[PDB]
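Following: one structure in structure tokens, then a few remarks.
Any read-out appearing in this document is the output of simple, stated calculations on the displayed coordinates, not a laboratory observation. Reconstructed Cβ throughout: ideal geometry from the backbone, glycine too, with neighbour counts over all protein chains shown.
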Amino acid sequence: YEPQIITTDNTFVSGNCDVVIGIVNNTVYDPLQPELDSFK
Amino acid sequence: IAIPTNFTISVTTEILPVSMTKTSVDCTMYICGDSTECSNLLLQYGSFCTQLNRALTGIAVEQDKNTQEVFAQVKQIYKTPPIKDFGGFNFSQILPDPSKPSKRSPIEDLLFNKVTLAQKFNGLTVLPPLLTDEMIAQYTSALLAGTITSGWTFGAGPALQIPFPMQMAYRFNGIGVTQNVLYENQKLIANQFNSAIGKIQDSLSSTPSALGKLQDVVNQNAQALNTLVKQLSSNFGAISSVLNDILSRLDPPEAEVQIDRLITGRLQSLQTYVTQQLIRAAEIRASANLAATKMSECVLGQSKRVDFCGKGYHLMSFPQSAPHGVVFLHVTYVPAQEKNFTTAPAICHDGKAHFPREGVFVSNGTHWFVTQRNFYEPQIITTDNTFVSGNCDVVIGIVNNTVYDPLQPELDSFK
Amino acid sequence: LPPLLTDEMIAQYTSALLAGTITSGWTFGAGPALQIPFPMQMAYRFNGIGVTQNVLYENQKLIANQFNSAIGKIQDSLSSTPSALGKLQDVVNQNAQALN
Amino acid sequence: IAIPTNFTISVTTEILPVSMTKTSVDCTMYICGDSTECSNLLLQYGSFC
Amino acid sequence: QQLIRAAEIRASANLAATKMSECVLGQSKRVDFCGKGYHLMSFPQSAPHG
Amino acid sequence: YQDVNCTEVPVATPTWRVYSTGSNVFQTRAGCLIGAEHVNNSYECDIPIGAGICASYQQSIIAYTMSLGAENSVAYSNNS
Ligand SMILES: *[C@@H]1O[C@H](CO)[C@@H](O[C@@H]2O[C@H](CO)[C@@H](O)[C@H](O)[C@H]2NC(C)=O)[C@H](O)[C@H]1NC(C)=O
Ligand SMILES: *[C@@H]1O[C@H](CO)[C@@H](O[C@@H]2O[C@H](CO)[C@@H](O)[C@H](O)[C@H]2NC(C)=O)[C@H](O)[C@H]1NC(C)=O
Ligand SMILES: *[C@@H]1O[C@H](CO)[C@@H](O[C@@H]2O[C@H](CO)[C@@H](O)[C@H](O)[C@H]2NC(C)=O)[C@H](O)[C@H]1NC(C)=O
Ligand SMILES: *[C@@H]1O[C@H](CO)[C@@H](O[C@@H]2O[C@H](CO)[C@@H](O)[C@H](O)[C@H]2NC(C)=O)[C@H](O)[C@H]1NC(C)=O
Ligand SMILES: *[C@@H]1O[C@H](CO)[C@@H](O[C@@H]2O[C@H](CO)[C@@H](O)[C@H](O)[C@H]2NC(C)=O)[C@H](O)[C@H]1NC(C)=O
Ligand SMILES: *[C@@H]1O[C@H](CO)[C@@H](O[C@@H]2O[C@H](CO)[C@@H](O)[C@H](O)[C@H]2NC(C)=O)[C@H](O)[C@H]1NC(C)=O
Ligand SMILES: *[C@@H]1O[C@H](CO)[C@@H](O)[C@H](O)[C@H]1NC(C)=O
Ligand SMILES: *[C@@H]1O[C@H](CO)[C@@H](O)[C@H](O)[C@H]1NC(C)=O
Ligand SMILES: *[C@@H]1O[C@H](CO)[C@@H](O)[C@H](O)[C@H]1NC(C)=O
Ligand SMILES: *[C@@H]1O[C@H](CO)[C@@H](O)[C@H](O)[C@H]1NC(C)=O
Ligand SMILES: *[C@@H]1O[C@H](CO)[C@@H](O)[C@H](O)[C@H]1NC(C)=O
């Protein structure tokens with residue numbers, strides 16, 4: 001048990017979220033966005 | 001290259017004997033039989049009978065040891081929840097059925113009904129097995145409930161629950177197919193699984209004799225024992241085959257020789273029978289050890305040894321009892337519907353050679369894609385599913401193609 | 001009594017197995033046989049024991065030379081030493097002696 | 001620590017026996033050898049043969 | 001004597017069958033089961049009785 | 001005594017006539033045992049008898065049906 005924030009580099013995307021049963025809603029934090037906002 | 005595009009689940013039956021009938025025979029009742037002078041003559045031959053009885057007792061105990069080793073492998077007796085919502089799967093065929101005889105599932109009942117087969121004779125005895133059939137059914141039910149509910153974790157330490165459609169999801173992950181395949185083909189997989197288990201019992205029942213080994217051993221034992229009894233009525237080069245006749249019709253000093261001849265013949269026959277029983281018990285114990293191994297590796301965990309359990313990539317197994325043995329049902333993943341493409345070792349872009357992180361390169365004729373090895377889900381070649389190494393010209397057989405970069409458009413819009 | 005399977009037929013089985021494992025990797029042991037270029041199969045075999053693929057793809061010629069030389073040496077090793085077999089002969093000797 | 005920098009592919013031989021010559025013995029003929037007296041005497045002994 | 005020898009030969013045959021199934025038809029992660037070193041692949045050959 | 005409808009036990013010396021007939025007689029599949037007390041509850045298997053009976057010493061000797069372990073049901077639900 002080592003909980004961690006759900007970023008976009010420890011998970012992968014595949015299709016849309018209709019076929020799977022049991023999908024939940026949440027936000028996947030992206031690491032590049034704060035740096036891009038800082039520097040643009 | 002040729003990559004599959006579809007799959008089939010399959011279930012395969014395996015049958016193994018684990019024990020034989022425990023028997024016991026004592027000399028004095030057999031060789032001589034309620035006669036004092038015959039016993040007096042036999043006493044001169046030494047201690048054959050003590051060692052014979054010891055040898056038979058060894059096998060008698062070893063049978064119980066075999067059963068204990070093969071079946072008794074759980075510290076606790078688990079139990080399925082009262083409701084059944086295993087994500088669409090259906091285990092009604094294998095789970096115990098209450099509205100029936102004591103505890104047996106339909107397949108176990110079919111097994112007991114299909115297999116069909118000694119009474120009290122002179123000097124022979126059969127000892128009851130130490131574990132009754134209900135206890136064996138209880139063990140198998142515990143194992144099945146544990147593996148349905150808690151995966152393989154109950155084999156190592158304490159049982160930890162897990163949703164079934166999620167444990168199979170990364171039971172695929174063992175054989176190299178990613179998770180989303182199951183989560184996007186759950187309904188089809190469940191239907192194939194249910195259909196296969198439905199077929200298996202008809203396959204067992206329709207074939208008149210597929211049990212084979214389980215029945216076979218029984219016959220052998222009976223046959224051997226019969227000959228022993230039929231060895232009792234033999235003159236062995238004497239006047240008559242009945243001891244009372246010999247003793248009554250002649251004086252003891254004369255009849256002693258005939259008594260001795262019968263003694264020698266019967267003793268030799270008993271020796272041969274015991275030797276045969278020992279040799280057979282060795283092989284049965286070997287099969288029991290193999291069964292215990294298969295139990296440990298295949299039921300309590302996934303296996304990576306090819307053709308150890310079923311044909312194809314292995315997923316799990318389910319045990320069932322039998323009159324004198326065990327029956328495994330192996331669930332396997334078999335690819336099918338292959339389609340062929342053209343490949344290349346590694347791309348060469350910008351003067352640098354790019355290799356795939358996990359998967360192969362394929363091409364439908366004009367464009368190039370990266371796909372996993374056991375399934376066909378093409379993806380655009382990016383810079384995060386490939387790794388760079390070395391220079392372009394070293395590798396033989398490379399091809400030219402661009403490698404898309406995800407960060408470039410994003411910084412292009414926001415320079 | 002004669003054996004049920006003649007020796008030529010055993011040789012045919014071994015040839016079939018060898019061809020299958022040469023030109024199809026090991027997929028023919030699970031389902032339908034699938035072809036794949038041999039150097040790619042060897043690359044995956046390396047990837048299966050903790051060595052990345054570029055190690056093979058850079059040193060293909062050296063791998064080939066070592067492989068060929070080793071197989072060449074096996075034949076001489078068998079031919080020279082007379083006790084190379086040493087185990088199949090023992091069974092025949094024991095059976096003949098017991099029957100005699 | 002110590003790590004390698006080279007390798008040598010090798011091939012090794014292993015040998016296993018799988019079968020032995022099938023055989024049979026004419027039980028009665030070996031003991032008696034086409035003699036009527038021996039054959040008649042042997043029937044007393046039983047079903048060893 | 002023949003019975004005991006046949007049992008031993010059966011043990012050897014079962015071992016050979018397991019080796020053929022597990023090493024010719026795929027890689028193996030069992031140490032020293034097939035060769036000394038890291039296993040890659042095996043090739044079979046026949047013999048008069050083995 | 002093995003394979004005997006136990007009523008026939010007295011038929012077949014100074015102190016042996018306390019283990020014949022007697023007061024406690026238990027009938028099992030293997031035979032009948034004299035000198036033990038039947039108990040309803042169950043424990044682990046001590047000295048075994050057959051057909052699921054394991055005699056033991058506790059201050060007397062008891063004969064009970066064998067136990068297979070402790071019940072344990074796993075709390076299983078489709079999102080836990
Ligand atoms: C998860 O988020 C999605 C996206 O907003 C939700 O789907 C929509 O929810 C709103 C809420 O009122 C509905 O009006 C829409 O009809 C839904 N669908 C679409 C396509 O917009 C969804 O309800 C959220 N919750 C779950 C459990 O999925
Ligand atoms: C993979 O094979 C399965 C069957 O093994 C396909 O499922 C069948 O699809 C057809 C479509 O016309 C249906 O009529 C059948 O009823 C389906 N069978 C079952 C058991 O449901 C499946 O479509 C194949 N995969 C793909 C991608 O086509
Ligand atoms: C699980 O499978 C069993 C047997 O395959 C199902 O039991 C049968 O269900 C059919 C449905 O119409 C009945 O007609 C039969 O009488 C049932 N009993 C049999 C065949 O012995 C069971 O319904 C399935 N469970 C689920 C949840 O689908
Ligand atoms: C090979 O695959 C590519 C990728 O899908 C195909 O290119 C696209 O194919 C779709 C399918 O009809 C078209 O709608 C697109 O317009 C195509 N181009 C692009 C840029 O997406 C290509 O047609 C395939 N070739 C063959 C021979 O199957
Ligand atoms: C991949 O692209 C490179 C870059 O153009 C190709 O390399 C050129 O090949 C031509 C062929 O004779 C030479 O004349 C050029 O001098 C090469 N230039 C460089 C920078 O190497 C290469 O041939 C292409 N490979 C394939 C398979 O198309
Ligand atoms: C690894 O060892 C091999 C030999 O086992 C080296 O290859 C030899 O290189 C020398 C010099 O180029 C040649 O004279 C030999 O003929 C080569 N041997 C063979 C069998 O071809 C190789 O150089 C070594 N690795 C490194 C990085 O040096
Ligand atoms: C779990 O089962 C319950 C039934 O009580 C159902 O309502 C729920 O939707 C299920 N959850 C998922 C993720 O399928
Ligand atoms: C392999 O694919 C090519 C086209 O890419 C096709 O022409 C050929 O027939 C295929 N080989 C088969 C089906 O054996
Ligand atoms: C494949 O074989 C053909 C045979 O003519 C040869 O021309 C081609 O160069 C080979 N390709 C590679 C990548 O070795
Ligand atoms: C023993 O005999 C009695 C009467 O003779 C009979 O009622 C009883 O059923 C017998 N016990 C068994 C186990 O058959
Ligand atoms: C045990 O069970 C029997 C019958 O089931 C009953 O008569 C008895 O009271 C119970 N308790 C004891 C201590 O024997």
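Looking at segment F:22-36 only, could you name the residues that are in a loop (DSSP other than H, G, I, E, B), of a type in the set (S, T, N, Q) and surrounded by 12 or more Cβ atoms within 10 Å (Cβ to Cβ)?
F:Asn24, F:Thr28
Quick one: which residue in B:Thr275, B:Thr227 is part of a helix (DSSP H, G or I), within 14 Å of chain D (Cβ to nearest Cβ) and surrounded by fewer than 14 Cβ atoms within 10 Å (Cβ to Cβ)?
B:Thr275
Can you find even one residue in segment F:3-17 that is under 30 Å from B:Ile148 (Cα atoms), within 14 Å of another protein chain (Cβ to nearest Cβ) and away from ligand 7 (no atom under 16 Å from the Cβ)?
Quick first cut of segment F:3-17, residues under 30 Å from B:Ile148 (Cα atoms) only: none.
No - not one qualifying residue is present in segment F:3-17.
Within segment B:321-347, how many residues are away from ligand 5 (no atom under 14 Å from the Cβ), crowded, with 20+ Cβ neighbours inside 10 Å and within 11 Å of chain C (Cβ to nearest Cβ)?
3
Out of B:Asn364, B:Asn374, B:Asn385, report the one residue that is in contact with a helix residue (DSSP H, G or I) (Cβ under 8 Å, 6 or more places away or on another chain) and closer than 30 Å to B:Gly174 by Cβ.
B:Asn374
Facing another protein chain (nearest Cβ under 9 Å), small (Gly, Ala, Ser) and either within 16 Å of ligand 3 (Cβ to nearest atom) or within 28 Å of B:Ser287 (Cα to Cα) (or both), is that true of B:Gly312?
Yes: the conditions hold for B:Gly312.
Give just the number: which of (1) under 16 Å from E:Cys23 (Cα atoms); (2) over 15 Å from the mean Cα position of the chain (by Cα); (3) of a type in the set (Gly, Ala, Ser) does C:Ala64 not satisfy?
(1)
Give me a count of the residues in segment C:43-69 that are under 19 Å from B:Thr386 (Cα atoms), outside any loop (DSSP other than H, G, I, E, B) and in contact with a helix residue (DSSP H, G or I) (Cβ under 8 Å, 6 or more places away or on another chain).
8
So which of F:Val11, F:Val39 ends up being farther than 20 Å from B:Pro128 by Cα, more than 16 Å from ligand 1 (Cβ to nearest atom), of a type in the set (A, V, I, L, M, F, W, C) and surrounded by fewer than 13 Cβ atoms within 10 Å (Cβ to Cβ)?
On the way: F:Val39 fails: surrounded by fewer than 13 Cβ atoms within 10 Å (Cβ to Cβ).
Within the list F:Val11, F:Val39, the selection yields F:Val11.
Somewhere in segment F:56-63, is a residue more than 16 Å from ligand 2 (Cβ to nearest atom), closer than 28 Å to B:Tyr139 by Cβ, assigned to a loop (DSSP other than H, G, I, E, B) and touching a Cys at 6+ places or on another chain (Cβ under 7 Å)?
So far as segment F:56-63 goes, no, none of its residues is more than 16 Å from ligand 2 (Cβ to nearest atom), closer than 28 Å to B:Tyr139 by Cβ, assigned to a loop (DSSP other than H, G, I, E, B) and touching a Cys at 6+ places or on another chain (Cβ under 7 Å).
Select, from C:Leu34, C:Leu78, the only residue that is more than 16 Å from E:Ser42 (Cα to Cα) and in a loop (DSSP other than H, G, I, E, B).
C:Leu34
Can you name the residue in segment B:348-362 that is crowded, with 16+ Cβ neighbours inside 10 Å and under 29 Å from C:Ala30 (Cβ atoms) and is also nearest to ligand 6 (Cβ to nearest atom) among such residues?
Ranking the candidates gives B:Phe355 first.
Any idea which of B:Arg305, B:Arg285 is farther than 30 Å from B:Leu117 by Cβ, within 14 Å of chain E (Cβ to nearest Cβ), surrounded by fewer than 20 Cβ atoms within 10 Å (Cβ to Cβ) and not acidic (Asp, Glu)? Write out each step before concluding.
Working: B:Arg285 fails: farther than 30 Å from B:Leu117 by Cβ.
Only one candidate passes the filter, namely B:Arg305.
Among all residue pairs at least 6 apart or on different chains, which show Cβ distances below 6 Å where the first residue, located in segment C:29-45, is of a type in the set (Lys, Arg) and the second is surrounded by fewer than 20 Cβ atoms within 10 Å (Cβ to Cβ)?
C:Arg45/E:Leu40
Return the residues of segment B:356-415 that are assigned to a loop (DSSP other than H, G, I, E, B), out of contact with any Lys or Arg (no Cβ under 9 Å at 6 or more places or on another chain), closer than 24 Å to B:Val181 by Cβ and within 11 Å of chain C (Cβ to nearest Cβ); say none if nothing qualifies.
B:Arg357, B:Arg373, B:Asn374
Restricting to segment B:145-169, name every residue that is out of contact with any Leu (no Cβ under 7 Å at 6 or more places or on another chain) and more than 10 Å from chain F (Cβ to nearest Cβ). Working first, answer last.
Going residue by residue through segment B:145-169, those that are out of contact with any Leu (no Cβ under 7 Å at 6 or more places or on another chain) are B:145-149, B:151, B:154, B:156-167.
B:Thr147, B:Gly151, B:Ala156, B:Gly157, B:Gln167, listed by residue number.
So B:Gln337 passes all but one of these: (1) at negative phi; (2) in a strand (DSSP E or B). Which condition number does it fail?
Of (1) at negative phi; (2) in a strand (DSSP E or B), only one is false for B:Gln337: (1).
Could you list, in sequence order, all residues of segment B:1-55 that are more than 16 Å from ligand 8 (Cβ to nearest atom), surrounded by 15 or more Cβ atoms within 10 Å (Cβ to Cβ), within 14 Å of another protein chain (Cβ to nearest Cβ) and farther than 30 Å from B:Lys213 by Cβ?
Of everything in segment B:1-55, just one residue is more than 16 Å from ligand 8 (Cβ to nearest atom), surrounded by 15 or more Cβ atoms within 10 Å (Cβ to Cβ), within 14 Å of another protein chain (Cβ to nearest Cβ) and farther than 30 Å from B:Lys213 by Cβ, namely B:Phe7.
Residues are listed down the side, and each one gets a yes or a no for (1) away from chain D (no Cβ under 14 Å); (2) loosely packed, with under 14 Cβ neighbours inside 10 Å; (3) under 40 Å from the mean Cα position of the chain (by Cα):
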| position | (1), (2), (3) |
| --- | --- |
| B:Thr178 | yes, no, yes |
| B:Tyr183 | yes, no, yes |
| B:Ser203 | yes, yes, yes |
| B:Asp216 | yes, yes, yes |
| B:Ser234 | no, no, no |
| B:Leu243 | yes, no, no |
| B:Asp260 | yes, no, no |
| B:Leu270 | no, no, yes |
